[PDB]
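Taking it in order: structure first as structure tokens, then the write-up.
Read-outs throughout are calculated quantities, based only on the coordinates presented, and are distinct from any laboratory measurement. We place every Cβ from the backbone using ideal geometry, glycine too, and count neighbours over all the protein chains shown.
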Amino acid sequence: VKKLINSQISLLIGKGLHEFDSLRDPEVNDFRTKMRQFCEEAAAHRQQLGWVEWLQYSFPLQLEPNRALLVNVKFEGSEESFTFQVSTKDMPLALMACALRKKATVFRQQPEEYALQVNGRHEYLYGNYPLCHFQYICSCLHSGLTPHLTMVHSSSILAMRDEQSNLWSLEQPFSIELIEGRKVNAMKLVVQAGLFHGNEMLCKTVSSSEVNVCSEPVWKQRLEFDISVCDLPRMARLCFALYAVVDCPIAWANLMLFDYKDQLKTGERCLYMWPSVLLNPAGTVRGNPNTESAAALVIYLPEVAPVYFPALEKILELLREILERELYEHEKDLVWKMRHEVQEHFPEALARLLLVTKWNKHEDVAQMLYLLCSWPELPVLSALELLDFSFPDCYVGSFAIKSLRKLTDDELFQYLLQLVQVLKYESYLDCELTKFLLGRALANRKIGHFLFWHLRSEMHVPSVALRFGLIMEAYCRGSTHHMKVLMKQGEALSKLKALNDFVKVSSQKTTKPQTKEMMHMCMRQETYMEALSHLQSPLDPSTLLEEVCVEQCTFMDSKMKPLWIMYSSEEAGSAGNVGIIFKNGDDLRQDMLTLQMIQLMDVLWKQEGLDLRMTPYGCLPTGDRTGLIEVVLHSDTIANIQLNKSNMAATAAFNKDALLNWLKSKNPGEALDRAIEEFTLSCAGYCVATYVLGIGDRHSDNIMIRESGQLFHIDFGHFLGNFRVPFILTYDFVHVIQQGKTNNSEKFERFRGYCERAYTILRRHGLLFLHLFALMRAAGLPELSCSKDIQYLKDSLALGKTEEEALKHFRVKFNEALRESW
Ligand SMILES: CC(C)n1nc(C#Cc2cccnc2)c2c(N)ncnc21
């Protein structure tokens, strides 16, 4: 069996386990064994959790950031069900108490023994919460639907649990011998080398003597660095660049001066280089794996004697306020001088003190660490700052995770994307972040689900394949059962790719009707019906994709020919009718970031009691230019509606009336007002979110509207201005906001209020967005590459002003936008 599991892992993670062995690398070997231990311990802990704790692990509650309602309840075993009236304020237990009482009378005759499942879903209602605190009981009230629930007994939950069981001495200046290379080019070659600790240089960047573009070059020259070897910090990083000149970059390579055992490196090394876009401190510190093709640089770290970075005990032995909220030399000096006072009175300024310490003087790093070692824990917001690449020291990183353990699962979920990207900054495979992420993921299956996909979706990238591969293996060691559940997803995704390639070929030779019919036959093959049915959705594991409806599936006719896949479930009813889009050919990372940030805005808004009726649909990259998007049903494009077709309810005398007629048609009589209100609110949310994010090229093809009135956006691939994008008011939306009237400043100005509140709320969390984008720079998105991009956000949230100023600023733009509107 142990053989079976390995091969399943290999298939799942998209890398063969044998490839790990062949590298014959101790670090990899240790990472693997230690982490397998850690993960297997976790699994053990799980298989003895109480039933409530199990539910908590497997189906984490989905909560919102008096009045009565109808709900239908039934028991696991039988068909008969009852429809109760209850209050939105009632606890789940109160509801369970009705159900049981009701069963006792029909079935001729203890609430605490149960949980309530959402019909056809991996979702449960339990805990001390009023019903309307539950996202599903909420959803129900807005959409109008009668919540449908099943009483699940503790012994059934336990059956699920069961089935799923598995030194100071050296003062001479540092130096390296540059021996030779083996590259391809046109001119003379030079090597530039600099020592880094994060973004900062630890001294000037000494270069090579130029040699002709010949070879296979040979240098054999001592490069000697402007710093003492007892002054190299633990996380010292040596960076090379090779280029040509009479300016043409060619390749770069980085390495840690200390191995993962704190021992300083000697003697010789071969560096397999990464091709170039001169110096790249943030670039991975591991060599290019394509050792066949890569230009390669041999160098020699002189054996200065075994020398280790000294133990912590050894380390442990050895106008303020006004500026304190970039700083001049003396200012920095004042800070450093006052470090105990910083510690004692402004612990929240840790980062600023870290950026002023002299990482190229061991004494000062010792002093700093001593302070860091008694430093009170920080708020989550400050911890997120400390994970930035500007803080490469592992004791800093350690403290940072320490301050992050207090993250809730919901918060952790909210920042998971960024945390995974941060793994790219990591210098060694065995690290605090990795242990932290793995531990939270083994303790929460939703976390586990999305961690997996964030990693899996990056396997095609040589620079992260090893790291992420190893993380996924460890995870799998920790959850045998979930591994199988994930394979079932991978199998579905394998078949969709096949089906999608077919469709792309077919549609170049034939009509859409024909291709669709072919897709359907393909899908109807046993192997596909089986692969595509009965899975957890990669977009949301709590969504069950049961039987695929072939007749409903189709494809979209835009370039990559995205696949449109519908599903249904008898057990879930209406809520079982769900759809996924498969797209192969585009980079989806962008859209996912944009969507996650809008989701974040919606959360912050709802936390101050503003519900802008947002539509935070799923988007999940899964593979190389491959991923899924969640289908929003009952929606159509503005453009499509604006086609103003004959023979439809929405037929208008004037095109400006089209969108409003459509809304009328879907929302007759008294319903109309609420729709117009949903439109207004969501419009405000999207106008603010796009303005803040610098998302341009919005137009009627990529804006959609739901039959409730809710407006939302699809296909963002441009943001942070990457064409200063102006605030956008669209006449046709304005016309819908003003209830079809040429003049209606009551409605229009309410609408201005909404935008203004939304914009002001976001400013109060501007630092959160800043910190989050900062970490994203680790992802390599072409529209998130440098400071000018973060600067875009700075400018959009006018974070450098008082609230009064920024609002005045905003107002001018908003006004300017209206003027632009016809
Ligand atoms: C009807 C069609 C325009 N469309 N496109 C959709 C889309 C999309 C998308 C999202 C990210 C990247 N590329 C395409 C869509 C959706 N999500 N729900 C319902 N309808 C949708």
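Tabulated data for the structure shown
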{"read-out": "Computed E for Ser574/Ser665 - FRET, C-beta separation, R0 22 angstrom, nearest 0.05", "value": "0.55"}
{"read-out": "Order of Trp375, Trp252, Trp168, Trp51 under a 10 Å beta carbon neighbour criterion, fewest first", "value": "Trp168, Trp375, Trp51, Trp252"}
{"read-out": "Dipole axis of the chain (+1 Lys, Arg; -1 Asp, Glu on Cβ), positive-most option in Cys476, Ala282, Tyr567", "value": "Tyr567"}
{"read-out": "Net charge, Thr408 excluded, C-beta distance under 13 Å - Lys, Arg +1, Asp, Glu -1", "value": "+1"}
{"read-out": "For the chain: Kirkwood Rh in Å [reciprocal of mean 1/r, alpha carbons]", "value": "30.0 Å"}
{"read-out": "Computed FRET value (nearest 0.05) for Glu526 with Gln791, which takes r as the C-beta separation and R₀ as 41 Å", "value": "0.15"}
{"read-out": "Cross-link partners of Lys103 among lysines (Cα-Cα below 19 Å; sequence separation of 8 or more within a chain)", "value": "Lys74"}
{"read-out": "Amide N of segment 493-509 lying under 18 Å from the label point, which is placed 7 angstrom from the Cα of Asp697 along Cα→Cβ", "value": "none"}
{"read-out": "Separation in nanometres of the label points that stand 7 Å from Cα toward Cβ, at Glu79 and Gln739", "value": "4.9 nm"}
{"read-out": "Across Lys358/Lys794; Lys406/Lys446; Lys484/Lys559; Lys424/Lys559; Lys516/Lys664, pairs whose alpha-carbon gap is larger than 22 Å", "value": "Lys358/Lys794; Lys484/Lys559; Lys424/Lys559; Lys516/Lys664"}
{"read-out": "Descending Cα extents along the principal axes, segment 309-387, whole Å", "value": "37, 30, 22"}
{"read-out": "Loop-located GluC sites (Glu not before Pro) in segment 566-640 whose Cβ has at most 16 other Cβ within 10 Å (DSSP)", "value": "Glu570, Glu571, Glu608"}
{"read-out": "Descending Cα extents along the principal axes, segment 48-166, whole Å", "value": "45, 42, 23"}
{"read-out": "Two-site label geometry, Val245 and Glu216: point separation in nm, points 7 Å out along Cα→Cβ", "value": "2.6 nm"}
{"read-out": "Estimated D of segment 170-310 in µm² per second, where Rh is the Kirkwood radius over Cα pairs and Stokes-Einstein applies at 4 °C, 1.567 mPa s", "value": "84 µm²/s"}
{"read-out": "Computed FRET value (nearest 0.05) for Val485 with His345, which takes r as the C-beta separation and R₀ as 41 Å", "value": "0.20"}
{"read-out": "Local net charge near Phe654, Cβ-Cβ under 14 Å (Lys/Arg +1, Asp/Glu -1)", "value": "0"}
{"read-out": "Burial ordering of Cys522, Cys619, fewest other beta-carbon atoms within 10 Å first", "value": "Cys522, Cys619"}
{"read-out": "Virtual paramagnetic centre 7 Å along Cα→Cβ of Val304, amide N under 13 Å, in segment 218-232", "value": "225-232"}
{"read-out": "Segment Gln599-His460, length gained on full extension (0.36 nm per residue, minus Cα span)", "value": "47.3 nm"}
{"read-out": "Footprinting exposure proxy for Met566, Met472, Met338 (fewest neighbouring C-beta atoms within 10 Å first)", "value": "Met338, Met566, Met472"}
{"read-out": "Size of charge dipole - the chain - debye, nearest 20, with Cβ of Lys, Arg +1 and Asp, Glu -1, no other charges", "value": "1200 debye"}
{"read-out": "Label-point separation, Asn647 to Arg325 (7 Å along Cα→Cβ), nm", "value": "6.7 nm"}
{"read-out": "Anchor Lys188: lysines whose Cα lies under 28 Å away (excluding residues fewer than 8 positions away in-chain)", "value": "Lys204, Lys220"}
